[PDB]
Protein chains: 4
Amino acid sequence: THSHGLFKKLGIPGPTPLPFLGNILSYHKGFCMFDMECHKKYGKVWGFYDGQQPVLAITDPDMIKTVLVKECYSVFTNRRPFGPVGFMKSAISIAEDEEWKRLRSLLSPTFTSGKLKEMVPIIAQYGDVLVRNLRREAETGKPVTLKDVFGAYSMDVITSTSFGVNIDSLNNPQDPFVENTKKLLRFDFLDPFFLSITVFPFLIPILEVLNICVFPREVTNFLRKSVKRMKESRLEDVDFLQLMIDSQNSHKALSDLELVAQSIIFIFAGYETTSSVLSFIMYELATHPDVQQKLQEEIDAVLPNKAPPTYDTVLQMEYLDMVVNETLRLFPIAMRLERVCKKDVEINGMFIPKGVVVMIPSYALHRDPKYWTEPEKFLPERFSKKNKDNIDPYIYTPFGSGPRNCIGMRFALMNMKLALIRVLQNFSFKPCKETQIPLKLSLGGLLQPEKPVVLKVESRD
Amino acid sequence: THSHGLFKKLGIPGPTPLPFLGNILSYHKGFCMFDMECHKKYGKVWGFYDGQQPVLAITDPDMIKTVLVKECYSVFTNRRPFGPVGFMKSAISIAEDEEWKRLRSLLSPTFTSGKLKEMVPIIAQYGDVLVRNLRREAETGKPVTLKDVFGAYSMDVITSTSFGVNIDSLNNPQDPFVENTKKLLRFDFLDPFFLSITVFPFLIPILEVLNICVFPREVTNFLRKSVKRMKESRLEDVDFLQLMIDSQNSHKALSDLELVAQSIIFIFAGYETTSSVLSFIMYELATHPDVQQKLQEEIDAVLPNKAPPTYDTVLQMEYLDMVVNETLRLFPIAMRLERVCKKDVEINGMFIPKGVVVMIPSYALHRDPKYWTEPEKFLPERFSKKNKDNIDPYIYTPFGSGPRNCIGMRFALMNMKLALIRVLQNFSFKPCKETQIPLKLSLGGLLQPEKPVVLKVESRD
Amino acid sequence: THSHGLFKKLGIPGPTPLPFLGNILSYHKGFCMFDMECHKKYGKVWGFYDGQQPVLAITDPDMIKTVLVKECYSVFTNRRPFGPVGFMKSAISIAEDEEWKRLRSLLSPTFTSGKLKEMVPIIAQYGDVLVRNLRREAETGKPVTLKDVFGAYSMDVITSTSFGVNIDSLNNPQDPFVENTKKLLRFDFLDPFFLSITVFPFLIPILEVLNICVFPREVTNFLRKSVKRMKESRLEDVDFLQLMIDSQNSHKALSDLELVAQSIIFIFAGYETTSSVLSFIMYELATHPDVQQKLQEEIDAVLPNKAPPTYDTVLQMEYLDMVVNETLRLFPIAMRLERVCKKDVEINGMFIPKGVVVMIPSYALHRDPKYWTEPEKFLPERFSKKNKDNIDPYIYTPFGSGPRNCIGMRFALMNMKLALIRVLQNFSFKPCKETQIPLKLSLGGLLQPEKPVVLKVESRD
Amino acid sequence: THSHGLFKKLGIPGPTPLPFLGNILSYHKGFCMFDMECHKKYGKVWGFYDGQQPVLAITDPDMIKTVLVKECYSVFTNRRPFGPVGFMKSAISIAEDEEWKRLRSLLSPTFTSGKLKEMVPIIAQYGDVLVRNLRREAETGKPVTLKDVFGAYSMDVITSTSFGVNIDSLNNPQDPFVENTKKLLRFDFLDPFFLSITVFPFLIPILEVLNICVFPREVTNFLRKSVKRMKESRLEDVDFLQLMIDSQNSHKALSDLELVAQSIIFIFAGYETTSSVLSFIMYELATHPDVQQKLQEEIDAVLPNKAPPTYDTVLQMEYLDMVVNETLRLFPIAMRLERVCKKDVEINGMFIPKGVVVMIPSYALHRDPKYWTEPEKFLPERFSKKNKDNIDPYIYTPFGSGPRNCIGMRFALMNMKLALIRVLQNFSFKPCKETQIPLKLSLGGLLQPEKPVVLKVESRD
Ligand code: HEM
Ligand code: HEM
Ligand code: HEM
Ligand code: HEM
């Protein structure tokens, strides 16, 4: 099969591809293990095939800068398609070129510090809810599963910061607004379906004309009307929906379908991510009680008498920022960043022909011995205000970099910190016998634990 | 396009087909209206195209007999495929030829009168549940939606008669066993997806190798393990599951996957059907209060003092059998029966080449003036023990006929009658202003009401 | 189906589309008849659907100018895809965007007046061959079929002006170089296959990965090696091949596969076109003997004593230019021009959303009563140096207009005129009884005669 | 992927399959080498996957008998599909079940000894033509390529024994009837296209509805009308066409399209096969001059004075029968026989589930040391009337066995022997320096030589 000669011709190393399958059989241990092995075997750049799709992996920090910043608009502007999307075509994370650029413009003022400081009282109320829910699991000394308790917390923060709907998801697990939203899970890009998509990407057109979508047709049909109800109950009679409604009052405003799609993508974006990361952080705190104590002391110092957190007092807390960042290092939940090269180019001395997918293997670089000492260890001091200067922003990329980076970065860090502050103000977290130490990562296509994290939760009362 | 000449060549009338689409655009008013129009325009036989699939419609009672009985095993043994089925390939209603014949054998003793008489105490307990639920909607004079109250009743009867699980679905609408099972709805064979299947049936192979199934992969993955739990909690420590478990203790026994598929098909089969028919019957009773009174008097006569119904006392009630049958006449929820002609044949003097789909248009014949006087009226006397002899069993076919007829006929009639007896022992049913008189049928691909049936429910107390 | 609402929403008239088929059933009489009917029914602009592909037809000369010239590079740069192309992707007529722009640059100097004046002695020798072949059919008074005699002439001119190979195709109809090249016929975009492509354009990806090509794999595999033989017999030891070989000695030179593709596209481009047009011209001359006499007199005046034609004496002949142009008016063999709108735009006051195919219906405009008197008549005087000023270059477009017009315009007119001069110097052409007067055009997807043109050929000796 | 567990579950050995590809990458050396390796590694039975299609290979002579004879009608009646066939669906070699059984009936009397004895004078005349053509290549001592000279001979015999058309193909290589027929070449079931068919057999439906056929649409459209011309020039005013025309004067007669398809399949069947085998025989004779001398002496003894061969004198020649048979042993051009198991069965003690493809690896068994001494050597004595009794007819299967064996066996052997007799009566055949000794077989999907056979041909004058 062809085009399997491309990397050989350019003199670029990589595992030899099978006809039709390319290298996918080498995903049997997951993107992370494949990426490290490749980084190790082949060095600073390499190439492989997702079916017939050539993928060029790069690790030089200069050349990563060019791809994510300098030549973003001109050359490296879109991600690769992945499956049938339906109307979700209009979602900023999926849209391309000038539609993207216009969307990214219309939504930027929504993620500003000013709007985010306005949303904090809402995210705070549900840290309280979280606490009372944790307390009920802690007065009845039963091991807690974090994904479920943080899931319900994440869910809570979303439903409020995007539509004003206010639910106790953990206690109302069967509210229609909680039921649909809980189906918006991260895509397993190595499950039968998406593997098939990589071998038969000519099948994508087929599904499209059949209205078959990787965003389940019914979750989308539920919110599309849920939004047009809210839209016309507020109109006329502080959340993301309002901020978008206010905006459609670049250019060309925001279409009504265009608004529904962004609403959906934020839910999708903020739900399993926030839930997952918080779990990873509580695992590390529970297996490193010194770090947990140190941070608890920091929180009490800024917030004595279990004082509530604020926007300014959150940004005050340096050790908490160190804990969060180091966790995202060990578990960057995206694992890779990816851009489609839209033209023949040469950058930092290397020819890149049109159509290749440039890939940055985040997981692998966050654990590269050549930039991190004992990269497997949990050492928050790597981010102390002393050492935070020796860290290359193109090697540590948990939100990506450049114009197409994670637009929800600020919000996500602030959301996760408000949960951590409130939770640690009230509770300590200890390993159980049934806790999996050391945590093994899932050999699938998601960064998540093989086994869900379970811990003992104790009242500081 | 070809083969669009087939009917023209055989001298068979029918609407002229468009290339690729055949006649599907003539489904814009539904199978029922198309069938009547065709019966009227073209007479006793006609032909049309579901894409490229030729479909030969027949209405002579002799020739229907040949197709459903005399030449079933030899010629007319399977239905037509309809979409990707996954493992549900093994479900009796879908299986073909000797696999079907063997399955139909292994499950026949499960639907016998003897087993059915044993299941009646279980179906009865949930008529009681139904009552208390109706009473709560009747002491608070709010119009009741029948599909929801009978749905929860149907659901209840199924969960018990197939797995022993005992739930108040109406009050536990969010039990995991109620949540999955409520997704097993009747297929809308004119929704975008299935229309596309008829135009692109070459797409079926494509979806199959992609594990894409019209039976949602997650409902099936939930019950497959739900069964292997029950299976191994009873083994070792009266429902359909047991009767199948006892059977795998023709020939070749029942595979473990083969058992899970039948379990699923019965749920699918008994849930929206029972729920739908009961609604149609209560609509007719409410718009014909004489008939409702007459039947109430019959029930009190057999069952004085609201005596509970039994298997024998149900079969006693002739006017109730007349009401149920007449309703199935006006609304035969399958609408058509269909067999694939597997060979060149000639029956009753007409050549039928291999591959055609012989179709019997049940809806249309149940309302044919040539066999029924005032076919639009609700006249239960057409089935009185006096006139029940002048009714051609190949014209009145609400469960089909012959070896491949509805294996659940007995159970379904008995289930629906036990619900009707208990409900009418306690309540009368009257039209609301918001009730749709006269009921309009859905122009889709299901026999169901355009608008859901709503009635006033009053206590005979 | 969707997107069938687009034109309705924009307030644009057009025939109402069927689901999936759009308007293709309205091609049952050909693009030409559909275009006129539409122009007539709907006016100055209209819209229709090639399946799901929206096609916007326009006839205002200002707005045509914008599309073909002013906004060519920025907005209207590519044609629409049509089927699986294989490596022919690299052919200038098919390539897109900057690949096109670079190719069109590398081949422009090949079609200059200077190169074309150099090629004339070669094209002339085969007008002689043509004559002797015609004379053999004229001394034996048998009606001649023009496509066959002009086909062999066209073939001859190509094989020489592109590779130096010198064959009498008419007398060597079974030379391997004549056999393959004669398979490069114009695509019937309404034959079963291409119709299917319009209804299932999602099938194009499928064929591509199967190396299935609308350019037969074996004709292309024959010339690809035929070229690499010639290439390496001239290297080292006046045709298009040389001019390209000299060029690969914008930028990025011409790839070796890139050269083979252009070679092929010129053959394809020059063979049935030149052959077809010459036939149309000889039909009109034979049914308008005054015009034929007048031109014969002109040729004798410039070229007395049957003097051979030259580059300068060809451009001298004004009545011949009038005859050729008027014929291309009545039969513009492309029928339409087409550009893909690559962005949301507004031109001359009309919104055009991304993805639509702007179409200019050349055939229909060449016969529009609003710009031509008696448009069905053959009146060469419409192009006399007197009236040639009142003709809008955006209404008379037989080679298209703007940067993406027919790069072979000069060559094609010069090739056809040299054939006409030599042929008329020696012969007159008269209708037979078996000649089809009036010529009916083919209801297919090609501009060609229903029945092939047959004429009586007489020696001016 | 699934169903890749089937052979593992049944305890059947075989090479471990890759997802989607099964074992096709093990065809990189051809069916023959794979089959031997497997026979060697795994023994008497084994299993592998052509994509997802399970293929069960068997070598026990009893169990082969069951599959090809005893359970042919009931269980093992069809071959496997292979690609899109169009109307060629009706060709006996491709048709299935009762259509096959009826076709095989209607054509059996055409291949009888009596008809075959009637066709011999026609096949003889073209042995003469063959000779004069060979003599022209032998008086001009140039090495002859056998495929071309025997191709033209084969072609000649076909065109006459199927339609009465009489051509010297070698000297008329560009007659329209010779041009089309020469495109009917053996399918390379490992060329890109057919490999793709095995990985994407769900693509077969797609091509079918696109009228795309592995029998080129134009060769079939040429003969379909070529036949309806001959058909209606003989009607009314000794070949296969006549014998079929006489037959349509089981049951249901032969359709007109059904007749055209058989005509085509015989051409396809008799052209490259006869041409190929004759080449293999002349290679062995030329590298074993003793055998060549011995046979020449036999021919002179039966046919002194270069007497012409007859039907009876051909069957007389035992050493010639030995030479032909031994060659078919070393090169059985089908390589394998194959039947689709249409039901769950057990034969000779082994469970075979429905859908598997039972395969008999002819090539491998013809060279199995366990039944043949020095199986690589060319020893015609293995078939002497002495040893011809120790040869298992289910191990030596160059025409298959049972009801679905090669219907053209008699004709093919007789055709090849008449060519050999005439050729050897007049010429001896010697190796050239450019002859490939030892002949290497093609690693493709055809049994043919890597390099075409070239020999020195000398006049016995
Ligand atoms: C711990 C939480 C999160 C992490 C680790 C994370 C990580 C990422 C990464 C790596 C990217 C790709 C950046 C690139 O390509 O350079 C991304 C993109 C994106 N993120 Fe997040 N993200 C998080 C939370 C969120 C949240 C809460 C939102 C809610 C609005 C969000 C919205 C988006 C969007 C819309 C994009 C695509 C932006 C574009 O293409 O212009 N993310 N995220
Ligand atoms: C009011 C209720 C029902 C109606 C009107 C109904 C109607 C029908 C009809 C018309 C058929 C096709 C018969 C034919 O092709 O001749 C059928 C088949 C079938 N029914 Fe029902 N049905 C009902 C309830 C049920 C229930 C409760 C079950 C539960 C077991 C069931 C199981 C089946 C099965 C398995 C088949 C396919 C049988 C075969 O192919 O052998 N049905 N039904
Ligand atoms: C009577 C003869 C011919 C006629 C009427 C004709 C007509 C046309 C037309 C209408 C176009 C499209 C122009 C547009 O889109 O604006 C075209 C394009 C083209 N023609 Fe011709 N043509 C003729 C002969 C030839 C010949 C002999 C060649 C040989 C080189 C040729 C090469 C091309 C090419 C390469 C294109 C595509 C150019 C591009 O996309 O940049 N044509 N022709
Ligand atoms: C040296 C020449 C030939 C060889 C080695 C050969 C070999 C074979 C083989 C192995 C089969 C499959 C048998 C089986 O599945 O058991 C076959 C089938 C067949 N052969 Fe030949 N063959 C030859 C020549 C011919 C010729 C000249 C014809 C002309 C009529 C022909 C017509 C057929 C047909 C129609 C079938 C399929 C029969 C059926 O499925 O009923 N073959 N051949």
# chains A, B, ... in the order shown; residues from 1 in each chain; ligands from 1

call {"tool": "residues_near_ligand", "arguments": {"ligand": "ligand 4", "cutoff": "8 Å", "atoms": "only C-alpha atoms and all ligand atoms", "output": "count of residues only"}}
result
49

call {"tool": "residues_around", "arguments": {"residues": "segment 350-352 of chain A", "least_positions_apart": "6", "cutoff": "8 Å", "atoms": "only C-alpha atoms", "output": "list in words"}}
result
residues 10, 341 and 344 of chain A

call {"tool": "interface_residues", "arguments": {"of": "chain A", "to": "chain B", "cutoff": "7 Å", "atoms": "only C-alpha atoms", "output": "VMD selection string"}}
result
chain A and resid 174 193 196 210

call {"tool": "select_by_dssp", "arguments": {"residues": "segment 224-374 of chain C", "states": "strand (DSSP E)", "output": "list in words"}}
result
residues 337, 338, 339, 340, 345, 346, 347, 350, 351, 352, 357, 358, 359 and 360 of chain C

call {"tool": "atom_distance", "arguments": {"atom1": "atom CA of residue 55 of chain B", "atom2": "atom CA of residue 356 of chain B"}}
result
5.9 Å

call {"tool": "residues_around", "arguments": {"residues": "residue 430 of chain C", "least_positions_apart": "2", "cutoff": "7 Å", "atoms": "only C-alpha atoms", "output": "ChimeraX atom specification"}}
result
/C:286,428,432,455-457
